[PDB]
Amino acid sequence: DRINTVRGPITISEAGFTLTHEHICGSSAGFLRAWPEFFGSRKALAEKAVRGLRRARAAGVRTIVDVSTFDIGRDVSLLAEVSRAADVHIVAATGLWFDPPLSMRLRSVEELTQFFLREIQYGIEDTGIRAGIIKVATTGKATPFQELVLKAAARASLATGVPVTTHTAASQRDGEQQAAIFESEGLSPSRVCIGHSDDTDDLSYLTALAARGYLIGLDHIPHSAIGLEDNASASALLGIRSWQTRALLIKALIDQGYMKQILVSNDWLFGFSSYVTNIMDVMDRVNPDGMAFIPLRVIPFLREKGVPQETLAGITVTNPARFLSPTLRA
């Protein structure tokens, strides 16, 4: 009935236009507190985020799902501050990404489940803020630990109704492996979003997962190093496929009849310490619209390509509400 946000619970109808895979900051556990100057200052980072969120709001965005986990250096207090200042709802996450420290890496599936349940039911750290989604990741074949992470995520999802969203090496078809693990735990595909899906041109892989009930996250739309092939680091991160090429996969999926399974986002950020120094500068040059990229550029583009405005609204409003709403299996 309600979705947990960093400012408290909201009703489903209050979500409105939602970006399902974003980040205020891409960092590491403890980093922001230990070396804020890496980002100018904590203040500068917050202001930058507020400005970006306000521009996105101007464009129609009401809610963003920040999928930063503990290992992504998620700072809920920062999230709460920025949500209040920008007047944009922000859903926080639990789960683990691909940079877990030893204290996490050595845990059993049972312990990991407890930790995820903690963040969802009790609250994150001592803030009382509860997570509204579980984030997991693989980058090719799952490691044995990654397998434990996926099982624990499925278990926490099963107990709480909270959805699961993932990071994948799409080109390697990681989605297939994740699905298999989740299913083995009895999790329903409809509670799972297979992210970074636009990173691949293989529609056969995407339609196959969609046919099974999975949500497909087309969240790297503005990710492109075209014009910067000069830059190896940027190139390795963003790829050389155009934003138009990525956006067209959205239309392809709709054309195949999977409009109800699609989730779109930018996978944007305002700070990024987990990569080469100065990567943010490069990114901001590439996509000055930041998180407003989807509503300002993608939507109109799709409309122009023949996608009905109504369909577009269902993808940006309806689908997310259905996904985000905590749902227990019968």
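Numbering starts at 1 and follows the sequence shown.
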Between the two ranges 250-258 and 147-155, the one averaging a larger CA B factor in the entry: 250-258
Given 100-108 and 221-229, the range whose Cα B-factors average higher in the PDB entry: 221-229
Selection by C-alpha B-factor (highest) of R62, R33, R303, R55: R303
Top Cα B factor in the deposited entry, candidates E119, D199, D126, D71: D126
Third of the chain's Cα B-factor distribution that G271 belongs to, per the entry: lowest
Assigned third (lowest, middle, highest) for the C-alpha B factor of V317: middle
Where the record places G213 (Cα B-factor, split into thirds across the chain): middle
Chain third (lowest, middle, highest) by recorded CA B-factor, residue given as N278: highest
Ranked C-alpha temperature factor of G161 among modelled chain residues, by third: lowest
